[PDB]
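A short write-up of the structure that comes next.
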Amino acid sequence: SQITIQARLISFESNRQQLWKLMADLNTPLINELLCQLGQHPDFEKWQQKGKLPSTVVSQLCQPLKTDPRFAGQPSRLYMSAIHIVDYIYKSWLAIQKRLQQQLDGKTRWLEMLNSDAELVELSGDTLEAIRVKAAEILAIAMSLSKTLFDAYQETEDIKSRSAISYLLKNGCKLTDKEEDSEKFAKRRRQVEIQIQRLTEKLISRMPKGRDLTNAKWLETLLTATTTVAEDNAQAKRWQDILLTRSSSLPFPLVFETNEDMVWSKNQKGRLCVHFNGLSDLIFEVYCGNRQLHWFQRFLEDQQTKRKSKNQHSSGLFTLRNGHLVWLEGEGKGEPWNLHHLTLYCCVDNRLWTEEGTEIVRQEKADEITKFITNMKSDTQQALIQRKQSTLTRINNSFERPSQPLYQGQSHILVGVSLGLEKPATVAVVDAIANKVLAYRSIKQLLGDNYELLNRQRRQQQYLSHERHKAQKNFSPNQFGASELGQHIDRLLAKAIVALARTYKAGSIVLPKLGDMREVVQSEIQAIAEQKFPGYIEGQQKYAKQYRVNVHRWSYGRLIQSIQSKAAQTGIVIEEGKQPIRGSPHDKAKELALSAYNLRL
Amino acid sequence: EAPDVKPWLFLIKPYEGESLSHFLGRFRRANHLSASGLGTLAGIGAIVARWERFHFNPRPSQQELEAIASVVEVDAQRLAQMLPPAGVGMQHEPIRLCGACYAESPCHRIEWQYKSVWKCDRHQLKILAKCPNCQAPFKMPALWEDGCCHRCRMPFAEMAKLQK
Amino acid sequence: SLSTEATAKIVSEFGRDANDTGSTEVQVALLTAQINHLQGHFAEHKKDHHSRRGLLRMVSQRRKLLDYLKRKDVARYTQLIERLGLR
RNA sequence: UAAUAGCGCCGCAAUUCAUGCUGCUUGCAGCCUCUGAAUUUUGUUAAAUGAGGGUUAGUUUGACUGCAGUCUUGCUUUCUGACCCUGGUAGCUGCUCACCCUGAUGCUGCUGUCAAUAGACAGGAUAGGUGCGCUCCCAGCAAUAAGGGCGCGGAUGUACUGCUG
C-alpha cells in the first residue's frame with residue numbers, strides 16, 4: 001500500500017553546508033559499524049546459519065562509538081540513522097545468504113534423487129513396472145503432495161523402494177507409462193548439475209561494503225604502486241583491483257523512522273517549511289509541483305490537528321510514515337553542498353488519505369497492538385506498554401479527513417494477466433461462475449495511443465547498446481540506456497490493467513508465479529550448448545546470446561510490482577497461479593485466472 | 001569381414017620426459033589425425049587444441065586424461081608425468097629447447113617450460129628460447145615434425161654448437 | 001610520453017654505452033621516468049579513466065623487467081634500484 | 001560504379017475468426033461496416049514507422065467541498081512540438097605506428113562553392129545501400145580486434161611498445 005513522494009529542500013548555504021559536514025562525518029561510522037561485524041564480530045557464522053541479525057547487536061556496537069573522538073559531534077537522531085541503515089544492510093544480506101543456502105541443499109537432495117529408468121532397475125533389483133506399481137501404491141497412501149513425497153524420500157528409504165518415490169517426483173507427482181530417452185535424461189540431469197555448480201559459486205558473496213568518500217586507500221595505493229616493486233603477481237594485481245575502483249561521491253542518506261521527528265510549519269511568504277529532530281536551527285523550504293503539494297499540506301494539517309487537540313490524537317495515523325533525506329547528484333563544478341541537491345523522500349501510506357481508508361489502518365493497528373500487549377504480558381518493558389496503551393487509546397480519536405466509499409468488486413470476476421518475452425502483458429477478464437471471458441486485451445489495445453512506445457523501447461535498447469560498446473572502446477563517459485522508458489511502459493500497462501479491472505468490477509487481478517526465470521533459462525541453454533560445442537567454452541557462451549540477454553533484460557518483476565502498487569492504491573485484491581506452458585497469450589491469461597479462482601478452497 | 005584381427009592404431013611409446021603437447025603431436029602423425037580429430041576420437045572435443053599450445057588455464061582433469069589414455073594406450077598416471085607437478089609454475093609463451101640433448105632423445109622435455117629452469121643440468125648449458133642464427137621463436141612442440149628451425153632450416157641437434 | 005631530448009638524455013645515463021639502445025637498465029629507467037610524469041597528472045585529473053589504463057600497463061611492464069634482471073644479475077638489479085630511487 | 005542477399009521493425013493488401021459488428025435461441029445464424037487477434041503477401045509522389053548532438057523551476061495529467069464553486073508549488077521520469085549548434089585556444093595525459101599480407105560488433109559517407117593538394121567557405125539533420133534501420137551489404141582507409149610474414153641495431157637466465165617517431 002505505501003508510496004514515496006518527494007520534494008527538493010532549499011536553504012541558504014550556511015544550512016546546506018552544515019548539514020553536508022554532519023553527513024560526511026556520519027557517513028564514516030556507517031563504514032566503521034560495518035567493519036565491526038564484517039571481520040571483528042566472532043558470532044558471525046551463527047547469524048549466517050540462522051539467516052537473521054540479533055535485533056540489538058548494531059546498537060551495542062554503536063553505543064561506545066558515540067563517544068569516539070571521530071564520531072562524537074553528531075545529534076542523537078543521526079546515530080539512530082546510522083544504526084537503522086547498518087541494521088537494514090545486514091538484515092537484508094543475511095536473508096539473501098540463507099535462501100541461497102536453502103536452494104543449494106533443496107537441489108543437492110534432487111541431484112541424488114534424479115535417476116535414469118535403468119538406474120532405478122539396478123538400484124531396486126526389480127522391473128520398471130514393479131516401480132510403476134509401487135509408485136501407484138505411494139500415490140494411494142498420499143491420497144502438500146510434492147513436499148510429502150520429498151519427505152517420504154527423506155524419511156522411509158524402505159529397502160531402496162524410495163526409488164519409486166523419485167519415479168513419481170521426476171514425473172511431476174504422477175504415473176507415467178513411457179520409458180525415457182537417455183539423451184533427454186542426460187540433458188535434464190546436466191541442468192541440475194549446472195544449477196548445483198552455480199549455487200555453490202553464488203553461495204560465497206562479497207561482504208557488504210561501505211561508501212568510502214575519503215579516497216585515502218586509493219591515494220595510499222597510488223603512491224605505493226608507482227614508487228615500490230610488488231613481490232608477487234597477486235600483490236601487483238591487488239594494487240590494480242584497488243586502483244581501478246571508482247570511489248563514491250555521496251554520503252548515505254539520513255533515515256528518520258519516526259514521523260514526528262520532522263516538524264512542519266508555514267513560512268511568512270506562505271511556502272511550507274520543515275526542520276528535523278536535532279537540527280532544529282536549520283529551517284528548510286519545500287519546493288514541489290502542485291501534482292504532489294496536497295500531501296505536503298496534509299503533513300502540516302495532521303501536525304496542527306494533533307497540537308490543537310492536546311496530543312489526544314496519535315501519529316499512529318499520521319499520513320507521513322518516515323523520511324529519507326538524500327543528496328541527489330548535481331552537474332558541473334562547485335562545493336558539494338552547492339553542487340548536489342537536498343531531496344526529502346516521504347514514505348506515505350496512501351490508504352490514510354481518506355477517512356474510509358484511515359479506518360482500515362485503525363483496525364489493522366488496533367488488532368496488532370492488542371496482540372503485542374498480550375504476547376508481552378520488566379521495568380522499561382512497562383514503559384513500552386505505556387507507549388502502546390497510549391496508542392491503543394488515542395488511535396480511536398479521528399482526524400477530520402476526505403470521504404470516499406471503498407471500491408467493491410464481484411468475487412467471481414477476475415482479471416488474468418499473462419507476461420512473456422514478445423508480449424510484456426496480455427489480459428483476459430473472466431466471469432468464473434459463467435466460465436465466460438467478458439473481454440480480452442492485447443498490447444495494441446492495453447496501452448492504446450502509446451503503442452509506439454514498445455517499438456521505441458526495442459529500438460532504444462538495440463541502438464543504445466551498440467553506442468555503449470562504441471563509447472567504451474574510446475573511454476567516453478557517455479553511457480545511456482532505455483531503463484526509464486521501460487519503467488514508464490511498465491507503469492502505463494499497470495494503470496490500464498487496473499482501469500480495466502475497475503471497468504468490469506473485478507474482485508481481483510491475477511499475476512503469474514513466474515519465479516526465477518533468468519536462472520532457469522541460463523541453466524537450460526548451458527546444458528544444451530555443452531552438447532553442440534563440447535570443450536569449446538567460448539562457443540558454449542556464444543550459443544544463444546540474444547535469447548539469454550533478452551531474458552536478463554525481461555522486466556517481469558518491475559511490471560508485477562507496478563501492477564501490485566496501482567491495484568492496492570485502488571483496493572483490488574492480488575491473487576496468483578501457475579502460468580500455462582502452451583496456448584496463445586490469451587489462452588495463458590484465461591487459464592491463469594480460472595486456475596487462481598479454482599485455488600480459492 | 002576381417003580374418004581375426006584385433007582393433008588397433010599406430011600406438012607410440014613416450015620418451016623419458018617429453019611434454020604432453022609433443023607426445024600428442026607425435027600420436028597424431030603416427031596416425032594421420034587433426035588436433036580436433038584426436039579430441040573428437042577421445043570424446044573431449046576441442047580441448048586438445050589448447051593442450052598442444054600449453055593453454056592449461058583450466059588444468060587437464062583426471063577424467064580428460066583418462067579419455068586420452070583410452071586412445072593412446074598410456075594410463076592417466078603416465079600421462080600426468082608429461083605435465084608440471086602440483087604447484088610447479090610453467091610458462092606457455094616462449095617455447096624453449098636444450099638442443100644438445102635433442103641428439104640423445106628427439107623430444108621437447110616438459111622441464112624446459114618451468115619458471116625455475118634456466119640451464120640443462122645433463123649438459124650444464126643455457127636453455128634456448130629462439131633459433132641461434134635467425135632469431136625466430138620455436139613452433140609449439142606438437143608441430144616439431146622436422147626437428148629443425150622452420151625459417152632457416154637448421155637442425156635442432158646443431159643448435160648444441162651455438163648455445164651458452 | 002617523453003620529449004626526444006629527454007629520451008636521449010635518459011638512455012645516455014642508464015645505457016652501458018651510447019649504442020646500448022634497449023638494455024633492461026634503459027627500459028626500466030624510461031618506464032620510471034614516464035610513471036613519474038603520469039602520477040603528477042593522474043593525482044589531479046581523477047576523472048581521466050583513459051590515463052589509468054596507461055599507468056597500470058606501464059607499472060606492470062616495469063615489474064617484469066625488474067624480476068627478469070633480479071635472476072639474471074643481482075648486482076645490476078641492486079644498482080638499478082638505487083639509481084631509480086625505488087623500494 | 002556498387003550495395004544483389006540475410007536479420008529486426010513499419011504499414012499496405014488479403015485469407016481465416018472475435019475480444020467485434022444485426023438479431024433473439026443469451027448462443028446460435030450471419031457477414032468484415034468498425035474495433036481487434038492469427039497466418040501469408042508487399043515495398044507501389046500507398047500508407048506508416050522513421051536514433052546526427054543539445055535547450056525551459058514549460059503546459060496538461062491535481063486536491064477539496066455539491067459537473068459547480070474554492071484552494072494550487074516549481075519533485076522524479078516518458079513522449080510530442082519548437083528553437084539552437086555541427087565549435088573556439090591554453091595546458092596536462094593515454095593508446096597507436098620499421099616495413100608487408102589477411103581485414104575486425106574497426107574508422108569514415110549530406111548540399112553548394114573554391115581548391116581539385118587535404119583542406120577552407122557558405123548551408124544543414126533529408127546524411128553510403130531499401131518504405132525505415134543494423135554488428136549485415138557496397139565503396140575508400142586500416143597501426144590502434146586478431147593471426148601470420150619479416151629487415152637492421154639493444155638486451156638475450158624466462159623480461160622485453162623494447163629501437164627505428
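Data table
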{"item": "Relative contact order, percent, chain C [alpha-carbon distance under 8 Å, six or more residues apart]", "result": "25"}
{"item": "Ellipticity estimate at 222 nm from DSSP helix runs (n ≥ 4, -39,500 (n - 2.57)) divided over the protein assembly as shown, nearest 500", "result": "-16000 deg cm²/dmol"}
{"item": "Electrostatic dipole magnitude of the protein assembly as shown [Cβ: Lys, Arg +1; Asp, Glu -1; Cα centre; debye, to 20]", "result": "1960"}
{"item": "Relative contact order %, chain B, counting alpha carbon pairs below 8 Å whose residues are six or more apart", "result": "24"}
{"item": "For C:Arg83, net neighbour charge (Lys/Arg +1, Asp/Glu -1) across residues whose Cβ lies under 9 Å away", "result": "-3"}
{"item": "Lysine pair count for chain B [Cα-Cα under 28 Å; pairs on different chains or 8 or more apart]", "result": "20"}
{"item": "Sparse-neighbourhood loop sites, trypsin sites (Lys or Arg not before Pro) in the stretch A:235-297 - DSSP loop, at most 14 other Cβ within 10 angstrom", "result": "A:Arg246, A:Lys269, A:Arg271, A:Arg291"}
{"item": "Debye, to nearest 20: dipole size of chain C, +1 on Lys, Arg Cβ, -1 on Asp, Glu Cβ", "result": "520"}
{"item": "Under 19 Å from the Cα of A:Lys470 - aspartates and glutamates, other chains or at least 8 residues apart", "result": "C:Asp48"}
{"item": "C-alpha center-to-center spacing [the stretch A:84-151, the stretch A:1-66] in angstrom", "result": "40"}
{"item": "Cα gyration tensor shape for the protein assembly as shown, rounded if a/c is under 1.5, else prolate or oblate", "result": "oblate"}
{"item": "Choice from B:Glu18, B:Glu93, B:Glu52 with maximal GNM fluctuation in chain B (Cα, 10 Å cutoff)", "result": "B:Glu93"}
{"item": "Whole-angstrom gap from the stretch A:530-558 to the stretch A:463-501, using each part's C-alpha centre", "result": "21"}
{"item": "Shielding of C:55-64 by partner chains, average beta-carbon count, 10 Å", "result": "4"}
{"item": "Peptide ranges C:59-68, A:208-217 listed from the most packed, as the mean C-beta count within 10 angstrom indicates", "result": "C:59-68, A:208-217"}
{"item": "Reachable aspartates and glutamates, given that their alpha-carbon falls under 12 Å from the alpha-carbon of A:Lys174 and they are not under 8 places away in the same chain", "result": "A:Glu137"}
{"item": "The stretch A:1-109, relative contact order in percent, only Cα pairs under 8 angstrom and at least six apart counted", "result": "34"}
{"item": "Gyration tensor verdict on the stretch A:367-494 (Cα atoms; rounded if a/c is under 1.5, prolate if a/b is larger than b/c, oblate otherwise)", "result": "oblate"}
{"item": "Straight-distance crosslink candidates among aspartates and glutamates, where the alpha carbon sits under 20 Å from A:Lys513 and sequence neighbours closer than 8 are dropped", "result": "A:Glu422, A:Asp490, A:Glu524, A:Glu575, A:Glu576, A:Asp587, A:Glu591"}
{"item": "The stretch A:125-140 - phi-based ³J(HN,Hα) in whole Hz, Karplus 6.51/-1.76/1.60, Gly and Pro as x", "result": "x, 8, 7, 5, 6, 4, 4, 4, 5, 5, 4, 4, 4, 5, 4, 5"}
{"item": "Flagged links, alpha-carbon separation over 23 Å, of A:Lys91/A:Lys147; A:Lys21/A:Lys52; A:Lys306/A:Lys388; A:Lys333/C:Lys47; A:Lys66/C:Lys46; A:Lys66/A:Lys266", "result": "A:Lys91/A:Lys147; A:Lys21/A:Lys52; A:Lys66/C:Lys46; A:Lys66/A:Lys266"}
{"item": "Relative exposure of A:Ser14, B:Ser19, A:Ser59, judged by other C-beta atoms within 10 Å (fewest first)", "result": "A:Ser14, A:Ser59, B:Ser19"}
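Cβ atoms come from the backbone with ideal geometry, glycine included; neighbour counts cover every protein chain shown. None of the figures in this text is laboratory data; all of them are computed from the coordinates on show.
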